[PDB]
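1. part one of the complex, untouched from its place in the assembly:
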Amino acid sequence: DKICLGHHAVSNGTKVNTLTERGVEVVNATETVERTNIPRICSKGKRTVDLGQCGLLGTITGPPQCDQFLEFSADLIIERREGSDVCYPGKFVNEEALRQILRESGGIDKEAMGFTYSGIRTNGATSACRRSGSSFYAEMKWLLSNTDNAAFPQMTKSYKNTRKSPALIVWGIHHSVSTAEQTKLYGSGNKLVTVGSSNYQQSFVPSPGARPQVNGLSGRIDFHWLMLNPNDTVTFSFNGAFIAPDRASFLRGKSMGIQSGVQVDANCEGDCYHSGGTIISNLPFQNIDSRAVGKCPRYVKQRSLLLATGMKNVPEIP
Amino acid sequence: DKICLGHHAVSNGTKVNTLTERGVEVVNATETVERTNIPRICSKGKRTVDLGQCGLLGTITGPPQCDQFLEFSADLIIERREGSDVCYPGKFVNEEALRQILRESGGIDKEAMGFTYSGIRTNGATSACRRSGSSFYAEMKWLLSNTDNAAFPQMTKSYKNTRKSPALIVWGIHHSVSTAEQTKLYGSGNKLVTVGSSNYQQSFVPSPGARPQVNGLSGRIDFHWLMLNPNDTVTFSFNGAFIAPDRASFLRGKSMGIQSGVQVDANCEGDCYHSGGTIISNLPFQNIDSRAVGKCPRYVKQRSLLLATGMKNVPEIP
Amino acid sequence: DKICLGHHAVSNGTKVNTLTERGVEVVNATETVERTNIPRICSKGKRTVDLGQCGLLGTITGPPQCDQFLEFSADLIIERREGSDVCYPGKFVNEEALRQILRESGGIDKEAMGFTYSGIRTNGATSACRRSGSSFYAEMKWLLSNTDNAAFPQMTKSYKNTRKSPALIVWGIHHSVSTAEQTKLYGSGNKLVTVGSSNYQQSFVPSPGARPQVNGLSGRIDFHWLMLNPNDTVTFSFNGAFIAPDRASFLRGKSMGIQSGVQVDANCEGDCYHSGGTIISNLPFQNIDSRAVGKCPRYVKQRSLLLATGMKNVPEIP
Amino acid sequence: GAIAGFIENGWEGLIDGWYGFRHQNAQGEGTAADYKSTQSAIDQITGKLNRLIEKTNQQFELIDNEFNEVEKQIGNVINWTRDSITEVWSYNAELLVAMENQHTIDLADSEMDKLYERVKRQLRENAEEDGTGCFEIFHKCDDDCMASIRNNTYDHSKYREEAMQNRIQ
Amino acid sequence: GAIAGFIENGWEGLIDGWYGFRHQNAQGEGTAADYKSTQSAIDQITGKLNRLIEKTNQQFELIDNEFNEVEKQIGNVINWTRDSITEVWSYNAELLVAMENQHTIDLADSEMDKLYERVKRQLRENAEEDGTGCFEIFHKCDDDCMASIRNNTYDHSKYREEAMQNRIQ
């Protein structure tokens, strides 16, 4: 007698948005914006190092905290907030650029630069770098005059990179607490450090003066760095206040660095990270962290954007 | 006998664009790109300061022009082109970064740093900073030797921030017109200024030499600044050519800074600003200024994009 | 008896993508992503200079390589990889910013700054700048003491820009291979160079020391530059290690600079360039080079995006 | 001296609604607007309008200076970035409007069709399409009968005998 | 006690498909789902879903630091850039979803119409539209006949005499 055409419906309708309507009910919808966070660092498949109290830049110079990571190798690199690049108070020049380089280095390979010295002390040590007793950066040499107040001989040291990769060279300038202390270490008169390459040229002067005490010290050691091209040479000319490198650094390969405050997990597999954990999602967007890194869904301001996966829901006439 | 279905139409049709057609007439359309400008600064509801001839950075150091704004408070901050940060010729290092900080500071609170001095003059003044007679920056102290050509004593001054907010500290280096003039002020020999924190370390040397005359002066005073973290300390070591701070600065809260060339209006209420006035519009886009700031519709290159608010217009058969 | 309505179709259907389907066949489609490259620089209509072995910054200072381009004029400017800004080993400070300025300068107009000198040699020359015999930068003057080891007189030179355009002023600081060599040239004692404007202020010190040999030389000449506003003045105060300018530079008009490694073609007309050639296309996108410059289609990651230019293709029932 | 529907013109006299009816009978010619179709169309268009008024909570501040120009390199980087996003929004704006206008026009065409189809299903076997968007009614339909169609109270059962008779010889 | 089609409700009992048939005859009332229309709809929606799962191969790394804050100027430039692109993606996301949902709803409405239109062309001159999305069948259609319509094996030639007879007086 009669045949009717129809479509299914529910009493359990879910609202979505369109070009025209706001809150139009459809039969079924799904979320496009990921909000589910895994408060761990899913490190399965990736060789991972947790620097802990070692700052990433410290792996190059070598304070006590970084003694394990002097030649580390990794696919994933994690920096911790408690980390520190420094024992004797100081900071890197162009620090962030260098960090970014080391974050994707794959780790570092160290190699002796082979500097040799004559009428000069090299055993410069401090209480801030305790290792059994007083000590200093593992990869560096704190050069002094010889006895006390004695003149520091003008020196010239050079290093050639005989490898097919750029060499990371680092050196420090020491700022004594006073011109008195500077003289006691390197002798009277003005002091100059010039660093020349075929692509780099800079000059440095020490700056004795009272600073606030950090780690019980008012002195500052500031670090400088350059990348040395293959077959290129660096030459160091100096007469005091110079922190010499003992080894150069070579990047191992490819990696990725993050800054996290949550534990590492080796069972879960991930590819998108932020400071609070791992984002694992096939969803196109996320509202967790705008600074998330790796292979991630795009960050959006919205916490939810429902995509209709069903027709417009129309309740049945009772 | 007959019933017809139809739709309305006009002889007054307006053209829009679609995916396929260019200039298809619809019954009614509206503009999406705002072009209506209000050549005023709608400041109703917002505490507003018009710096006029005072440069924003001048509020910190305190030339005559900024004497009213030494501890100003605002929700909205306006810089004028005639403004100047300087009486005695000079400029800030990292000036723009500092401006951006002050633009959203909410104003500044000043507090004595409490530096005290001995065998030294502090009444350094100049003709370029006239205030009744010759004078100097209100927040700074031009330190000299004592009589003339006399030696400037090595000094060390420190300040600790006992507040829960970062302190804006500023100091200047004076570059005399000649080594002759430098000696007359601070004495013979080389001069050094070192500024140390727990997060900052720098060093400075004066640079005597002939410059072009600005405000009748060939000398230059250059200013340096840092933010001092809570509970942290700054130490100043110097022996001449040093412009000392008398007070530190503390940011009051939250604000927004603009650069305008039009009058201020206190009756109109606004939230989007540019150099030529206030943009008040519910429209999603604007073609007024790409550098407009605040809460604004997005800038676009097009002067007009008509959105159809009615059906396709079809003229009636005569 | 019967009439049927239909649409055309092909056996030669081409797949495209939509919102729902991947690989839906339509009758006819066209490409939106350009991939066809012209490995030439289509320079028709544009005045073009191929700097070759002359570096763009060299056109200002004037090594032998750039002698033809000392006052060049162009609409399109091409840098070559073999190019060099330098004869005597050195580099510009803020080099890239300056390059970007010269790339859209339209070429340069040179004008004597009219510096005159007294008890001093100006004929400083080197083997690295060979021109018939030993020589130096064409636009610069290597100033020396007079005989050998003799004292270099304190000097002050100033230049005023009497034109309605900013003047490009350049000067160099010479870093000798040793303090011995520095003394032989400019005399004993410390050396200072101060450069003052009404908008610029800087200071410079030489830095004698051993560098690696470039062009047989271990010395470095570093160049500094500023733009001098109309009616403004620059003043140079120095006592040695100063490479003085002989002429100033004025930008001719408007242009565009590229870095290419392929030949120039004067018959073809183009507007989008990259290092590998000219992109001539009405297509909205391209997958050739992300750093392409000029008036270009937007770069995309995809090599192909087919746009349906025909209906859905439905094969005829056999 | 006939009347015509949407299939070959609009009505410049329909000034109290977007869609409507135009009839003619012994009582003469008349024109009224349909509420449900007109309101639906208006609801959707205003819906688009509200969807574009929804302001952004993102506040943006100065990163350069038009009194004291910033350093050249960082300045060109800033300008390059700004012009790039300006290109993006200009694209977005152009496409958004073009896309919406295409939809506004189509959904209006849909409403017209739905109205026409509705009336057709009302008249059942008592009328035929004349091709101009009108229905030839094969019985007598006075003003009362015409109003019955407009408010969906028309019962085709009442006129089916008279109608089917006239449609066949 | 009648039954109704899509033109004035959905069917909360249709739990084995998106689209379907509901009939009533001497054997009673029944409801089955149509495969071809349902599958088409499901194929298109899943097609959208796959199109949004397609991950990006672009890897992004840190350009700032939340332990040691970068220099102010370059920091504000970075934040200004990030927030700008965040605005763009937030816009894109919002519009994409809104655009797709508009399409998902419409293409579902299309499928419903295509199904209704198909059945109509099957029944030829043997049925009339009742206005609710149903067809009054003017001959006897048992369960077997009803199944014949659902699987497109109904031959209107078989019932045309009986049907045309009943439609006219």
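-> Yes, it's here. Residues are numbered from 1 along each chain as shown, chains lettered A, B, ... in the order given.

2. so which helix or strand takes in residue D:74?
-> For residue D:74, the host element (DSSP states H and E) is helix D:72-123.

3. Check the offset of that helix from the chain's centre.
-> Relative to its chain's centre, helix D:72-123 lies at 17 Å (CA atoms, centre = their mean, to the nearest Å).

4. what's the angle from that helix to helix E:72-123?
-> Calculated by axes from the mean of the first three to the mean of the last three CA atoms, to 10 degrees, helix D:72-123 forms an angle of 20 degrees with helix E:72-123.

5. So which bits of the following helix or strand past helix D:72-123 are buried?
-> Next in sequence after helix D:72-123, counting helices and strands by DSSP H and E, comes strand D:127-129. For strand D:127-129, burial by neighbour count (16 or more other CB atoms under 10 Å in any protein chain shown) applies to residue D:127. (Each C-beta comes from the backbone N, C-alpha and C, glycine too.)

6. And stretch A:300-316, by the same measure?
-> A:300-301, A:305-314, A:316.

7. what two of these have the greatest distance between them?
-> Put simply, by CB to CB the two of the buried residues of stretch A:300-316 set farthest apart are A:301 and A:316, 38.1 Å from each other.

8. who in chain D is up against chain C?
-> Residues of chain D lying near chain C by CB under 8 Å from any CB of the partner chain: D:71-73, D:76, D:87.

9. and if you look at the stretch 101-250 of chain A?
-> Going by CB under 8 Å from any CB, the residues of the stretch 101-250 of chain A near chain C are A:156, A:158, A:192, A:194, A:196-198, A:201, A:203, A:232-235, A:237.

10. which of the residues you listed tops the neighbour count?
-> Within these, most neighbours by other CB atoms under 10 Å in any protein chain shown means residue A:196, with 28 neighbours.

11. neighbours around the closest residue to that one other than its chain neighbours, how many?
-> Using CB to CB, 6 or more residues apart in numbering or on different chains and skipping residues adjacent in sequence, the residue nearest residue A:196 is residue C:211, 2.9 Å away. Neighbourhood size, residue C:211 [other CB under 10 Å]: 25.

12. how much space between the residue of chain D most remote from its centre and residue B:191?
-> Computed with CA atoms, centre = their mean, the residue of chain D farthest from its C-alpha average is residue D:71, at 54.5 Å. Shown here: residue D:71 relative to residue B:191, a distance of 28 Å by CB to CB, to the nearest Å.

13. Residue A:99 now?
-> Relative to residue B:191, residue A:99 is positioned 35 Å away (CB to CB).

14. Could you do residue D:136 as well?
-> Residue D:136 sits 107 Å away from residue B:191, going by CB to CB.

15. Just want to know which of these two has more residues nearby.
-> Taking neighbours as other CB under 10 Å, residue D:136 and residue B:191 compare with residue B:191 leading, 22 against 16.

16. Up against chain B, what does chain A have?
-> Counting by CB under 8 Å from any CB, the residues of chain A lying close to chain B are A:90-91, A:175, A:205, A:207-212, A:214, A:218, A:220, A:222.

17. extra chain here, label it chain F:
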Amino acid sequence: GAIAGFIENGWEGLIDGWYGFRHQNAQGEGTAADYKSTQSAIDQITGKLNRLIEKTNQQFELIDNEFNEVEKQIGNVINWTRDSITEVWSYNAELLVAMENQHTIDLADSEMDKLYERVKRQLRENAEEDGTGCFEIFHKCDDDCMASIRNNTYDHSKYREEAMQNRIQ
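-> Below, chain F sits with the chains from the block before:
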């Protein structure tokens, strides 16, 4: 040995137009193209094409260097920005094309339907839909009559008696 319409295939022989007619009578089988529907479709597609050819007036210049690499920090900031906008345009391009192709296909389907619906309204009560997109004509329609349908000069009044007679017994 029958002929069929759009509802179950296209015509690889229709080589002089996008849409068309295929008839069969005593004079035999024939195929011609419809101008108005074909032109409309072509006008809209070319309209899209022009809308994408409209070049941009934005000129972009170098902000980095592939001979002398810039400073690392500002370099990574630049690369991060460029790759970000590259992601945006790649998204935009992909979506634009996908969106347009969806529309191109649909508007073509619309034109086909509008053509079919037009012919239906021409034939009035003189024909029936066969289900394949064709119309069974219930009177004699020679080549002249067939041409009259294609150019909209067919008057159903001329054949209505003969047609209604054959449709009923």
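
18. quick recheck of the neighbour count of residue C:211 now chain F is there?
-> Neighbour count for residue C:211, taken as other CB under 10 Å: 25.

19. same thing with residue D:152?
-> When counting by other CB under 10 Å, one arrives at 11 neighbours for residue D:152.

20. dump the residue contacts of it.
-> Contacts for residue D:152 were tallied using CB atoms under 8 Å, 6 or more residues apart in numbering or on different chains; they are residue D:122.

21. Okay, it and residue A:126: tell me how far apart.
-> Here the criterion is CB to CB. By it, residue D:152 lies 95 Å from residue A:126.

22. can you check residue D:50 too?
-> Separation of residue D:50 from residue A:126 (CB to CB): 68 Å.

23. residue contacts, the residue farthest from the centre of chain D?
-> The neighbours of residue D:71, taking CB under 8 Å, 6+ apart as the test, are residue C:97.

24. do residue D:132 as well
-> The contact partners of residue D:132, taken as CB under 8 Å, 6+ apart, are B:4, D:4-5, D:7-8.

25. now the residues you listed: which count as buried?
-> By 16+ other CB under 10 Å, these give B:4, D:4-5, D:7 as buried.

26. Which ones among the residues you listed map onto strands?
-> The strands, defined by DSSP state E, take in residue B:4 from the buried ones among the contacts of residue D:132.

27. returning to that earlier point: which residue of residue D:50 and residue A:126 possesses the greater neighbour count?
-> Between residue D:50 and residue A:126, counted using other CB under 10 Å, residue A:126 has the larger neighbour count: 19 against 10.

28. In this structure the more buried one contacts residue A:216, no?
-> No: contact criterion CB atoms under 8 Å: residue A:126 and residue A:216 do not qualify, at 9.4 Å.

29. and the residue nearest the centre of chain D, how far is that from chain B?
-> Centroid-nearest residue in chain D: residue D:108, 2.3 Å away (criterion: CA atoms, centre = their mean). Distance of residue D:108 to chain B, given as CB to the nearest CB, to the nearest Å: 4 Å.

30. Phi and psi next, for the nearest residue to that residue once chain neighbours are set aside.
-> Nearest non-adjacent residue to residue D:108, counting by CB to CB, 6+ apart: residue B:311, 3.5 Å away. Backbone dihedrals for residue B:311, given as degrees, to the nearest 10, come out at phi -70, psi 170.

31. Now for residue 65, how many residues are close by?
-> In the absence of a named chain, chain A is used. By the criterion of other CB under 10 Å, residue A:65 has 21 neighbours.

32. if you could check chain D rather than the one you did, that'd help
-> A total of 16 residues lie near residue D:65 under the criterion other CB under 10 Å.

33. where's it, which helix or strand?
-> Residue D:65 belongs to no helix or strand when elements are defined using DSSP H and E.

34. contacting residues for it?
-> For residue D:65, the contact set (CB under 8 Å, 6+ apart) comprises B:96, B:99, B:259.

35. relative to helix D:72-123, how tilted is whichever strand or helix holds the second one?
-> Using DSSP H and E, the element containing residue B:99 is helix B:95-103. Between the direction of helix B:95-103 and that of helix D:72-123, the angle (the same axes, to 10 degrees) works out to 50 degrees.
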